[PDB]
Amino acid sequence: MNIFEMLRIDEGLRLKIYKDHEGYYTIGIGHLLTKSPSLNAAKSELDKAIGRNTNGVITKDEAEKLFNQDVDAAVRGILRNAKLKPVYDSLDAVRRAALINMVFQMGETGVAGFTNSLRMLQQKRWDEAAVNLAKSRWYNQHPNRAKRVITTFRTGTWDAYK
Ligand SMILES: [Cl-]
Ligand SMILES: [Cl-]
Ligand SMILES: [Co+2]
């Protein structure tokens with residue numbers, strides 16, 4: 001399995017503009033367009049992003065392209081961050097993907113804010129990190145997904161994903 005398949009499972013695929021669980025406009029595979037109420041605003045971001053008059057609807061290839069860019073960006077964010085890099089480096093392949101998933105969903109900056117879980121991950125204190133991760137708004141607002149990720153961190157296997 002890999003980060004791509006994993007996030008595809010977590011975020012699903014939508015070709016038409018949609019409002020997310022928080023009421024934000026998104027499209028594709030978890031690509032946030034804007035946090036604004038204006039559907040026009042979202043259309044415009046979209047057109048800006050795709051390079052064409054989309055009218056809120058995109059193609060699968062277009063979707064996968066925003067996905068690659070987005071996955072790329074998450075990693076860069078990780079590598080740029082003084083708090084995230086070292087943890088990332090200390091992790092194994094499966095766990096790195098779990099970190100990416102989180103950076104992707106909440107941003108580099110939101111993730112760097114989980115000071116305590118990051119320390120625990122850095123020390124390989126799997127069980128405790130997982131307990132700590134679950135005490136968040138993240139988890140409470142995304143019970144199912146958050147559980148697959150936390151689990152992945154805990155086991156270092158793709159089991160939550162099979
Ligand atoms: Cl973009
Ligand atoms: Cl969820
Ligand atoms: Co959310």
# chains A, B, ... in the order shown; residues from 1 in each chain; ligands from 1
>>> residues_around(residues="residue A:121", least_positions_apart="2", cutoff="9 Å", atoms="only C-alpha atoms", output="list in words")
residues 87, 90, 91, 116, 117, 118, 119, 123, 124, 125, 126, 128, 129, 130 and 153 of chain A
>>> write_last_selection(atoms="C-alpha atoms", output="mmCIF file, in the first residue's frame")
data_model
loop_
_atom_site.group_PDB
_atom_site.id
_atom_site.type_symbol
_atom_site.label_atom_id
_atom_site.label_comp_id
_atom_site.auth_asym_id
_atom_site.auth_seq_id
_atom_site.Cartn_x
_atom_site.Cartn_y
_atom_site.Cartn_z
ATOM 1 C CA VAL A 87 10.334 13.125 13.559
ATOM 2 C CA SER A 90 13.212 9.052 12.620
ATOM 3 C CA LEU A 91 10.243 7.127 11.377
ATOM 4 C CA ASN A 116 3.597 16.238 22.892
ATOM 5 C CA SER A 117 2.501 13.547 20.363
ATOM 6 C CA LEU A 118 5.502 14.473 18.185
ATOM 7 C CA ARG A 119 7.896 13.992 21.061
ATOM 8 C CA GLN A 123 10.845 8.382 21.169
ATOM 9 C CA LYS A 124 8.855 5.569 19.692
ATOM 10 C CA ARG A 125 6.456 5.630 22.594
ATOM 11 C CA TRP A 126 3.716 4.266 20.252
ATOM 12 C CA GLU A 128 1.279 6.772 24.525
ATOM 13 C CA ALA A 129 1.490 8.776 21.388
ATOM 14 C CA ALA A 130 -1.709 7.216 20.259
ATOM 15 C CA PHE A 153 1.165 4.943 13.959
#
>>> residues_near_ligand(ligand="ligand 3", cutoff="9 Å", atoms="only C-alpha atoms and all ligand atoms", output="VMD selection string")
chain A and resid 20 to 22 105 to 106 138 141 to 142
>>> write_last_selection(atoms="N, CA and C atoms", output="mmCIF file, in the first residue's frame")
data_model
loop_
_atom_site.group_PDB
_atom_site.id
_atom_site.type_symbol
_atom_site.label_atom_id
_atom_site.label_comp_id
_atom_site.auth_asym_id
_atom_site.auth_seq_id
_atom_site.Cartn_x
_atom_site.Cartn_y
_atom_site.Cartn_z
ATOM 1 N N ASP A 20 -17.631 20.356 2.581
ATOM 2 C CA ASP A 20 -17.154 19.292 3.441
ATOM 3 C C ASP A 20 -17.878 19.245 4.778
ATOM 4 N N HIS A 21 -17.407 18.339 5.577
ATOM 5 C CA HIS A 21 -17.992 18.090 6.854
ATOM 6 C C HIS A 21 -18.038 19.262 7.758
ATOM 7 N N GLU A 22 -17.243 20.269 7.365
ATOM 8 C CA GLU A 22 -17.178 21.526 8.107
ATOM 9 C C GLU A 22 -17.867 22.645 7.369
ATOM 10 N N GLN A 105 -3.946 16.671 5.638
ATOM 11 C CA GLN A 105 -5.281 17.063 6.075
ATOM 12 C C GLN A 105 -5.304 18.334 6.890
ATOM 13 N N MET A 106 -4.333 18.526 7.750
ATOM 14 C CA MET A 106 -4.425 19.677 8.572
ATOM 15 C C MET A 106 -3.320 20.674 8.431
ATOM 16 N N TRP A 138 -9.283 16.989 16.413
ATOM 17 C CA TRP A 138 -9.077 16.200 15.183
ATOM 18 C C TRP A 138 -9.834 14.848 15.106
ATOM 19 N N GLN A 141 -13.674 15.022 15.683
ATOM 20 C CA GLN A 141 -14.362 15.423 14.488
ATOM 21 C C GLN A 141 -14.164 14.428 13.382
ATOM 22 N N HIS A 142 -13.134 13.582 13.489
ATOM 23 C CA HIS A 142 -12.892 12.574 12.492
ATOM 24 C C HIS A 142 -12.563 11.251 13.097
#
>>> closest_atom_pairs(of="chain A", to="ligand 2", cutoff="9 Å", atoms="only C-alpha atoms and all ligand atoms", output="JSON lines")
{"residue": "A:10", "atom": "CA", "partner": "ligand 2", "partner_atom_place_in_ligand_line": "1 (Cl)", "distance": 8.0}
{"residue": "A:139", "atom": "CA", "partner": "ligand 2", "partner_atom_place_in_ligand_line": "1 (Cl)", "distance": 8.0}
{"residue": "A:140", "atom": "CA", "partner": "ligand 2", "partner_atom_place_in_ligand_line": "1 (Cl)", "distance": 8.7}
{"residue": "A:141", "atom": "CA", "partner": "ligand 2", "partner_atom_place_in_ligand_line": "1 (Cl)", "distance": 6.9}
{"residue": "A:142", "atom": "CA", "partner": "ligand 2", "partner_atom_place_in_ligand_line": "1 (Cl)", "distance": 3.6}
{"residue": "A:143", "atom": "CA", "partner": "ligand 2", "partner_atom_place_in_ligand_line": "1 (Cl)", "distance": 4.7}
{"residue": "A:144", "atom": "CA", "partner": "ligand 2", "partner_atom_place_in_ligand_line": "1 (Cl)", "distance": 3.9}
{"residue": "A:145", "atom": "CA", "partner": "ligand 2", "partner_atom_place_in_ligand_line": "1 (Cl)", "distance": 4.1}
{"residue": "A:146", "atom": "CA", "partner": "ligand 2", "partner_atom_place_in_ligand_line": "1 (Cl)", "distance": 6.3}
{"residue": "A:147", "atom": "CA", "partner": "ligand 2", "partner_atom_place_in_ligand_line": "1 (Cl)", "distance": 8.0}
>>> residues_near_ligand(ligand="ligand 1", cutoff="9 Å", atoms="only C-alpha atoms and all ligand atoms", output="JSON list (two decimals) with C-alpha atoms, in the first residue's frame")
[["chain", "number", "residue", "atom", "x", "y", "z"],
["A", 31, "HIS", "CA", -8.56, 19.50, -2.12],
["A", 33, "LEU", "CA", -10.93, 25.25, -2.24],
["A", 45, "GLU", "CA", -10.30, 29.21, -6.90],
["A", 46, "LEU", "CA", -11.03, 26.14, -8.82],
["A", 48, "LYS", "CA", -7.50, 29.37, -11.02],
["A", 49, "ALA", "CA", -6.14, 25.98, -9.94],
["A", 50, "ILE", "CA", -7.16, 23.96, -13.03],
["A", 66, "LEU", "CA", -4.40, 18.33, -7.80],
["A", 69, "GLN", "CA", 0.50, 18.57, -6.11],
["A", 70, "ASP", "CA", -1.14, 18.35, -2.77]]
>>> closest_residue(among="A:83, A:154, A:8, A:135", to="residue A:64", atoms="only C-alpha atoms")
A:8
>>> atom_distance(atom1="atom CA of residue A:92", atom2="atom CA of residue A:29")
25.2 Å
>>> closest_residue(among="A:12, A:151, A:7, A:161", to="residue A:103", atoms="only C-alpha atoms")
A:7
>>> residues_around(residues="residue A:54", least_positions_apart="5", cutoff="12 Å", atoms="only C-alpha atoms", output="PyMOL selection string")
chain A and resi 15-17+27+40+42-49+59+62
>>> atom_distance(atom1="atom CA of residue A:9", atom2="atom CA of residue A:93")
18.1 Å
>>> residues_around(residues="residue A:160", least_positions_apart="4", cutoff="8 Å", atoms="only C-alpha atoms", output="list in words")
residues 148, 149, 151 and 152 of chain A
>>> select_by_dssp(residues="stretch 26-155 of chain A", states="alpha helix (DSSP H)", output="MDAnalysis selection string")
chainID A and resid 39:50 60:80 85:90 93:111 115:122 126:133 137:141 143:155
>>> residues_around(residues="stretch 73-79 of chain A", least_positions_apart="3", cutoff="10 Å", atoms="only C-alpha atoms", output="PyMOL selection string")
chain A and resi 67-70+82-89+96-97+99-109+111-112
>>> write_last_selection(atoms="N, CA and C atoms", output="PDB file, in the first residue's frame")
ATOM      1  N   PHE A  67      -4.192  16.171  -6.691  1.00  0.00           N
ATOM      2  CA  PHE A  67      -3.751  15.276  -5.652  1.00  0.00           C
ATOM      3  C   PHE A  67      -2.236  15.208  -5.562  1.00  0.00           C
ATOM      4  N   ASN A  68      -1.575  15.008  -6.685  1.00  0.00           N
ATOM      5  CA  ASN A  68      -0.099  14.919  -6.685  1.00  0.00           C
ATOM      6  C   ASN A  68       0.545  16.167  -6.134  1.00  0.00           C
ATOM      7  N   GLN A  69       0.002  17.310  -6.573  1.00  0.00           N
ATOM      8  CA  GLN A  69       0.504  18.570  -6.110  1.00  0.00           C
ATOM      9  C   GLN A  69       0.335  18.699  -4.624  1.00  0.00           C
ATOM     10  N   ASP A  70      -0.824  18.310  -4.181  1.00  0.00           N
ATOM     11  CA  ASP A  70      -1.140  18.350  -2.765  1.00  0.00           C
ATOM     12  C   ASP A  70      -0.260  17.393  -1.963  1.00  0.00           C
ATOM     13  N   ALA A  82      11.120  22.672  11.177  1.00  0.00           N
ATOM     14  CA  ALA A  82      12.105  22.308  12.169  1.00  0.00           C
ATOM     15  C   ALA A  82      11.607  21.279  13.191  1.00  0.00           C
ATOM     16  N   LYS A  83      10.295  21.212  13.422  1.00  0.00           N
ATOM     17  CA  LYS A  83       9.726  20.303  14.402  1.00  0.00           C
ATOM     18  C   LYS A  83       9.288  18.997  13.813  1.00  0.00           C
ATOM     19  N   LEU A  84       8.886  19.078  12.548  1.00  0.00           N
ATOM     20  CA  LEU A  84       8.354  17.936  11.796  1.00  0.00           C
ATOM     21  C   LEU A  84       9.476  17.147  11.155  1.00  0.00           C
ATOM     22  N   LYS A  85      10.495  17.817  10.608  1.00  0.00           N
ATOM     23  CA  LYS A  85      11.550  17.054   9.947  1.00  0.00           C
ATOM     24  C   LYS A  85      12.162  15.915  10.759  1.00  0.00           C
ATOM     25  N   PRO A  86      12.607  16.249  11.956  1.00  0.00           N
ATOM     26  CA  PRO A  86      13.319  15.278  12.740  1.00  0.00           C
ATOM     27  C   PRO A  86      12.489  14.067  13.088  1.00  0.00           C
ATOM     28  N   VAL A  87      11.177  14.263  13.218  1.00  0.00           N
ATOM     29  CA  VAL A  87      10.334  13.125  13.559  1.00  0.00           C
ATOM     30  C   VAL A  87      10.163  12.284  12.340  1.00  0.00           C
ATOM     31  N   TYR A  88       9.936  12.984  11.278  1.00  0.00           N
ATOM     32  CA  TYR A  88       9.730  12.310  10.003  1.00  0.00           C
ATOM     33  C   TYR A  88      10.922  11.424   9.747  1.00  0.00           C
ATOM     34  N   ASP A  89      12.110  12.003   9.931  1.00  0.00           N
ATOM     35  CA  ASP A  89      13.342  11.260   9.673  1.00  0.00           C
ATOM     36  C   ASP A  89      13.549  10.046  10.546  1.00  0.00           C
ATOM     37  N   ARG A  96       5.773   7.071   8.300  1.00  0.00           N
ATOM     38  CA  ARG A  96       5.995   8.352   7.621  1.00  0.00           C
ATOM     39  C   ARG A  96       4.743   8.768   6.840  1.00  0.00           C
ATOM     40  N   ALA A  97       4.114   7.742   6.277  1.00  0.00           N
ATOM     41  CA  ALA A  97       2.910   7.973   5.528  1.00  0.00           C
ATOM     42  C   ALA A  97       1.826   8.468   6.481  1.00  0.00           C
ATOM     43  N   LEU A  99       2.239  10.303   8.994  1.00  0.00           N
ATOM     44  CA  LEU A  99       2.560  11.695   9.283  1.00  0.00           C
ATOM     45  C   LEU A  99       2.165  12.563   8.072  1.00  0.00           C
ATOM     46  N   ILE A 100       2.466  12.048   6.876  1.00  0.00           N
ATOM     47  CA  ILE A 100       2.052  12.779   5.712  1.00  0.00           C
ATOM     48  C   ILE A 100       0.554  13.000   5.707  1.00  0.00           C
ATOM     49  N   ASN A 101      -0.219  11.892   5.906  1.00  0.00           N
ATOM     50  CA  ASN A 101      -1.668  11.972   5.917  1.00  0.00           C
ATOM     51  C   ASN A 101      -2.113  13.125   6.814  1.00  0.00           C
ATOM     52  N   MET A 102      -1.561  13.199   7.988  1.00  0.00           N
ATOM     53  CA  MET A 102      -1.969  14.244   8.868  1.00  0.00           C
ATOM     54  C   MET A 102      -1.592  15.631   8.325  1.00  0.00           C
ATOM     55  N   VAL A 103      -0.367  15.787   7.822  1.00  0.00           N
ATOM     56  CA  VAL A 103       0.074  17.090   7.280  1.00  0.00           C
ATOM     57  C   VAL A 103      -0.815  17.522   6.111  1.00  0.00           C
ATOM     58  N   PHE A 104      -1.127  16.557   5.314  1.00  0.00           N
ATOM     59  CA  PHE A 104      -2.008  16.783   4.218  1.00  0.00           C
ATOM     60  C   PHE A 104      -3.357  17.293   4.640  1.00  0.00           C
ATOM     61  N   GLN A 105      -3.946  16.671   5.638  1.00  0.00           N
ATOM     62  CA  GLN A 105      -5.281  17.063   6.075  1.00  0.00           C
ATOM     63  C   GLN A 105      -5.304  18.334   6.890  1.00  0.00           C
ATOM     64  N   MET A 106      -4.333  18.526   7.750  1.00  0.00           N
ATOM     65  CA  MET A 106      -4.425  19.677   8.572  1.00  0.00           C
ATOM     66  C   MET A 106      -3.320  20.674   8.431  1.00  0.00           C
ATOM     67  N   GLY A 107      -2.419  20.430   7.541  1.00  0.00           N
ATOM     68  CA  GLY A 107      -1.454  21.463   7.450  1.00  0.00           C
ATOM     69  C   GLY A 107      -0.308  21.227   8.362  1.00  0.00           C
ATOM     70  N   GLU A 108       0.798  21.771   7.883  1.00  0.00           N
ATOM     71  CA  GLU A 108       2.084  21.644   8.435  1.00  0.00           C
ATOM     72  C   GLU A 108       2.108  22.301   9.763  1.00  0.00           C
ATOM     73  N   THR A 109       1.488  23.417   9.743  1.00  0.00           N
ATOM     74  CA  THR A 109       1.429  24.187  10.942  1.00  0.00           C
ATOM     75  C   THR A 109       0.454  23.617  11.994  1.00  0.00           C
ATOM     76  N   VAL A 111      -0.169  20.438  12.345  1.00  0.00           N
ATOM     77  CA  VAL A 111       0.499  19.282  12.849  1.00  0.00           C
ATOM     78  C   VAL A 111       1.677  19.604  13.769  1.00  0.00           C
ATOM     79  N   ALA A 112       2.448  20.639  13.458  1.00  0.00           N
ATOM     80  CA  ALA A 112       3.580  20.978  14.292  1.00  0.00           C
ATOM     81  C   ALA A 112       3.069  21.427  15.683  1.00  0.00           C
TER      82      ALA A 112
END
>>> closest_residue(among="A:51, A:98, A:155, A:18", to="residue A:35", atoms="only C-alpha atoms")
A:18
>>> select_by_dssp(residues="chain A", states="strand (DSSP E)", output="number ranges by chain")
A: 14-19, 25-28, 31-34
>>> write_last_selection(atoms="N, CA and C atoms", output="short mmCIF file (atom, residue, chain, number, x, y, z; two decimals), in the first residue's frame")
data_model
loop_
_atom_site.label_atom_id
_atom_site.label_comp_id
_atom_site.auth_asym_id
_atom_site.auth_seq_id
_atom_site.Cartn_x
_atom_site.Cartn_y
_atom_site.Cartn_z
N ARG A 14 -14.34 13.16 -5.56
CA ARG A 14 -15.52 13.93 -5.96
C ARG A 14 -15.19 14.84 -7.12
N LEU A 15 -15.96 14.75 -8.19
CA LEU A 15 -15.64 15.56 -9.34
C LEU A 15 -16.38 16.84 -9.45
N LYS A 16 -17.29 17.04 -8.53
CA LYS A 16 -18.06 18.26 -8.53
C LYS A 16 -17.85 18.95 -7.19
N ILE A 17 -17.89 20.28 -7.19
CA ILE A 17 -17.67 21.00 -5.97
C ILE A 17 -18.59 20.54 -4.87
N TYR A 18 -18.02 20.41 -3.70
CA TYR A 18 -18.79 20.00 -2.60
C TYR A 18 -18.38 20.70 -1.33
N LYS A 19 -19.35 20.72 -0.42
CA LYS A 19 -19.16 21.28 0.90
C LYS A 19 -18.68 20.12 1.81
N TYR A 25 -15.82 24.39 0.97
CA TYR A 25 -15.84 23.87 -0.40
C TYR A 25 -14.55 23.11 -0.73
N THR A 26 -14.74 21.97 -1.33
CA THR A 26 -13.64 21.09 -1.63
C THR A 26 -13.94 20.36 -2.88
N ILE A 27 -12.95 19.71 -3.43
CA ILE A 27 -13.25 18.96 -4.61
C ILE A 27 -12.17 17.96 -4.72
N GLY A 28 -12.30 17.08 -5.65
CA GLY A 28 -11.27 16.11 -5.93
C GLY A 28 -11.04 15.18 -4.78
N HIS A 31 -9.19 18.20 -1.86
CA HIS A 31 -8.56 19.50 -2.12
C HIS A 31 -9.49 20.60 -1.64
N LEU A 32 -9.10 21.36 -0.61
CA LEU A 32 -9.94 22.44 -0.07
C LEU A 32 -9.90 23.60 -1.02
N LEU A 33 -11.03 24.12 -1.33
CA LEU A 33 -10.93 25.25 -2.24
C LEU A 33 -10.82 26.55 -1.48
N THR A 34 -11.76 26.72 -0.57
CA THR A 34 -11.81 27.92 0.23
C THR A 34 -12.61 27.64 1.46
#
>>> atom_distance(atom1="atom CA of residue A:4", atom2="atom CA of residue A:157")
15.5 Å
>>> closest_residue(among="A:156, A:13, A:120, A:38", to="residue A:58", atoms="only C-alpha atoms")
A:13
>>> decode(residues="stretch 39-58 of chain A", atoms="N, CA, C and O atoms", output="short mmCIF file (atom, residue, chain, number, x, y, z; two decimals), in the first residue's frame")
data_model
loop_
_atom_site.label_atom_id
_atom_site.label_comp_id
_atom_site.auth_asym_id
_atom_site.auth_seq_id
_atom_site.Cartn_x
_atom_site.Cartn_y
_atom_site.Cartn_z
N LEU A 39 -19.94 30.53 -2.98
CA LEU A 39 -19.72 29.49 -3.94
C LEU A 39 -19.00 30.07 -5.15
O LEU A 39 -18.34 29.40 -5.94
N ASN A 40 -19.08 31.36 -5.32
CA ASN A 40 -18.41 31.92 -6.47
C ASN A 40 -16.97 31.94 -6.21
O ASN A 40 -16.15 31.63 -7.07
N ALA A 41 -16.68 32.29 -5.00
CA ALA A 41 -15.30 32.29 -4.60
C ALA A 41 -14.66 30.91 -4.85
O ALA A 41 -13.56 30.83 -5.35
N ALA A 42 -15.33 29.83 -4.46
CA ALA A 42 -14.79 28.50 -4.65
C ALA A 42 -14.62 28.18 -6.14
O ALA A 42 -13.62 27.61 -6.59
N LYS A 43 -15.60 28.58 -6.95
CA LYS A 43 -15.53 28.33 -8.40
C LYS A 43 -14.27 28.97 -9.02
O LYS A 43 -13.48 28.36 -9.77
N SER A 44 -14.06 30.18 -8.58
CA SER A 44 -12.93 30.97 -8.99
C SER A 44 -11.62 30.34 -8.54
O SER A 44 -10.67 30.25 -9.30
N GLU A 45 -11.54 29.86 -7.29
CA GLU A 45 -10.30 29.21 -6.90
C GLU A 45 -10.06 28.01 -7.81
O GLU A 45 -8.98 27.73 -8.40
N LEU A 46 -11.12 27.29 -7.99
CA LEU A 46 -11.03 26.14 -8.82
C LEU A 46 -10.52 26.42 -10.21
O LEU A 46 -9.70 25.65 -10.74
N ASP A 47 -11.08 27.45 -10.83
CA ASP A 47 -10.69 27.77 -12.19
C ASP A 47 -9.23 28.15 -12.21
O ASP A 47 -8.42 27.71 -13.05
N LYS A 48 -8.89 28.97 -11.20
CA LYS A 48 -7.50 29.37 -11.02
C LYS A 48 -6.51 28.17 -10.94
O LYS A 48 -5.38 28.15 -11.54
N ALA A 49 -6.93 27.16 -10.17
CA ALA A 49 -6.14 25.98 -9.94
C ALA A 49 -6.00 25.06 -11.16
O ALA A 49 -4.95 24.52 -11.43
N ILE A 50 -7.08 24.84 -11.86
CA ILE A 50 -7.16 23.96 -13.03
C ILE A 50 -6.70 24.62 -14.36
O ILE A 50 -6.10 23.98 -15.25
N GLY A 51 -6.98 25.90 -14.48
CA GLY A 51 -6.58 26.67 -15.63
C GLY A 51 -7.65 26.71 -16.69
O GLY A 51 -7.38 26.88 -17.86
N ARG A 52 -8.87 26.54 -16.29
CA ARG A 52 -9.93 26.55 -17.25
C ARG A 52 -11.22 26.90 -16.63
O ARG A 52 -11.34 26.91 -15.42
N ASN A 53 -12.16 27.23 -17.47
CA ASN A 53 -13.49 27.53 -17.02
C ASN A 53 -14.16 26.21 -16.64
O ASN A 53 -14.66 25.50 -17.50
N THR A 54 -14.15 25.86 -15.35
CA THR A 54 -14.68 24.56 -14.93
C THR A 54 -16.12 24.50 -14.60
O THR A 54 -16.72 23.41 -14.61
N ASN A 55 -16.69 25.63 -14.21
CA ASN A 55 -18.07 25.51 -13.86
C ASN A 55 -18.31 24.44 -12.69
O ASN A 55 -19.36 23.78 -12.54
N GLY A 56 -17.30 24.28 -11.83
CA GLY A 56 -17.39 23.43 -10.66
C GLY A 56 -17.29 21.97 -10.91
O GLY A 56 -17.55 21.18 -10.01
N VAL A 57 -16.86 21.58 -12.08
CA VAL A 57 -16.77 20.18 -12.34
C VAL A 57 -15.47 19.82 -12.96
O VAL A 57 -15.02 20.51 -13.83
N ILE A 58 -14.83 18.78 -12.49
CA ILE A 58 -13.54 18.49 -13.11
C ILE A 58 -13.51 17.08 -13.51
O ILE A 58 -14.36 16.30 -13.14
#
